[PDB]
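Given as structure tokens, the chain that follows is alone and in the form deposited in one PDB entry.
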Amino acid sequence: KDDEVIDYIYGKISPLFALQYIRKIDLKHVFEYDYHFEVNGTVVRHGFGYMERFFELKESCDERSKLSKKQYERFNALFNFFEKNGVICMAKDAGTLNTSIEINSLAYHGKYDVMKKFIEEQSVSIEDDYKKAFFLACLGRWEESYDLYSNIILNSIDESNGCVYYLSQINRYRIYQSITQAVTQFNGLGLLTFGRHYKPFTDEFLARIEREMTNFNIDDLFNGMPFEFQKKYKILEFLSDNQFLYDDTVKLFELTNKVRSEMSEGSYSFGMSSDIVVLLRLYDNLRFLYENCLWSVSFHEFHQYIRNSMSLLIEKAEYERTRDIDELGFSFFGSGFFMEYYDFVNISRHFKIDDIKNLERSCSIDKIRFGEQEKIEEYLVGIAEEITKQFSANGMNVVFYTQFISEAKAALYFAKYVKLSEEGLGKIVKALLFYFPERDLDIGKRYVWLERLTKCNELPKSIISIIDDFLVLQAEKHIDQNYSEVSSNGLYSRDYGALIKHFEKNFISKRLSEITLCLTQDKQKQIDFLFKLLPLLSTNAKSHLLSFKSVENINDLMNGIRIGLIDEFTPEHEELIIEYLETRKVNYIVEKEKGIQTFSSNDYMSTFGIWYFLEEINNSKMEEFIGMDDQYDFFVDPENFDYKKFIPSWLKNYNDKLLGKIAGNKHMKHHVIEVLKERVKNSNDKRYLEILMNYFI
């Protein structure tokens, strides 16, 4: 009977409308291995035509008009639930298929204020408290999360719902692992990182939870449950496993091997390639985990899985972007990859800075086009508003700090490729410069991340004003005679001035003048800092400054050379240069018996050599001593030479002018061409090719 088709599908799939999202690849268990649903809809057979008839009813409204009211309701529920998932039709009748991901979860979009408002709202039912517990776990409030999860587990049996019971057990176990590792890391390592001992959860909480969680295996939870639930919800069976997220990793490894082999061979895939499968599986797993309110922030494994999937997709897209073709290939080849809001959020949340740097090394994300930029701007503005609101007051959630600062850093690092508006850029810059913690971003990292944000947004007046206030605050911080900033990059406060001058060459600060015009010889550690920022003030203030302080030290000399104060060199400067280069050797010949290599990071001597090659400094006494460093075989005797001093890295370290002059010499050119051919042949790097194609022939 044609009216009897929906009895079987309902009798096998009825339990599955108790969830919010199920996986297409996870539908195999509910039908007990009768058909196979591909990751993009289409069903494939694997003794009565069972799934064909139902989809036949969909394309013919006449045939389904003979059903009764109950049958029509069953058909409507099944059709709506299929539409919610993505099951469409059979493969033999498949056509054009485009799949878009849409995750309906407040946690994914980071609506912290909305989550707080929803938590403050009154309770309604058990699922509302399930979502409330998830939102409290996300928001860093962990004790209330644990208590709510325990109460949900307590009352789920009385409310006669088993899925809530099982999922709440799993969530409470995973959050228990979360607090356990949190206190373990806060005790033995937070002393040195945070510079304090911070133990939020008291002894009573841990004492209770360790006793409660003893002999609580993740496995056997499915077996230790009613057999009717065993038959009805087999699809959840794979959740109860210690070695979780393992099949996805194996399938990802196999697909990665297939994609890499196809990249090596240069083959042409047809239809649904392996990368499309990877993307669909990643989106399916993401939607399944997030829409079901499952605690998987506590996993480095999910982060690893998403990282690997996204990196493979980016590498594949780069391969199709840079590849050759043929005439046969054109007869087959004849669909580019571009980044959207969801991909941006995935990369921001699941990647670390090292992973993004590796991606930038291997791939070229500049050539990738970014869409839906309004949503990305909204997301970034929300992140900046959250950080400034939280760090502008006398409060912070340290656990939420550890779970949120990494994502904030990654989002602000990846905002380089996204074009923003004036107000959003101003808010982001203000929150980055005035309220971001100093233990995560030092002055050098702060400057690098600010500078990379001007690649597509330029520098309007508001950003310049914000930088002006930041510089004034730094100047006030330098009032104390026991302050000194340290940078992990070599970029210090004397780089906001250069960045400002690169866009607003004519510019003076109205606030730095007063602190400059209120100085005295005893106000040291402020005159030194203001010497960094000389080109930023008025000429009268400049002269008033350079009165107090002379050039009597080498650091001041190179500073004045750097800020353009000294264009033409002056006498008694080679005096200081020769004094330094003589004291270095005076210490050298006493340490030869001691045997100290002392390869310091100081770059004064190589800079002196570079100055020598430009003939600005030229004198016989310069080569009187020669120090330990090997770099004087360049600018003191290009004929003596050695294996190498540090040339192989310095061709990429140097600038255009010095490389061009290098091409204009006598004998070392052939050695340079030999080493460059060796590097380009036995390596893969664009820089060694650019200096081989542009400055050398």
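What we label the rigid core is the largest C-alpha set whose atoms superpose within 1.5 Å from one form to the other. A residue's number is simply how far along the shown sequence it sits, counting from 1.
As for the form deposited in another entry, it is not shown, yet the points below apply to it.
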- With the rigid core superposed, which of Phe344, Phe351, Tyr146, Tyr447 has its C-alpha shift by 2 Å or more between this form and the one not shown? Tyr146
- Item | After fitting the core, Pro226 CA displacement of 2 Å or more between this form and the one not shown | yes
- Item | Cα displacement of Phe302 between this form and the one not shown reaching 2 Å, rigid core superposed | no
- Query: Fitting the rigid core first, would the Cα of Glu159 be found 2 Å or more away between this form and the one not shown?
  - Reply: yes
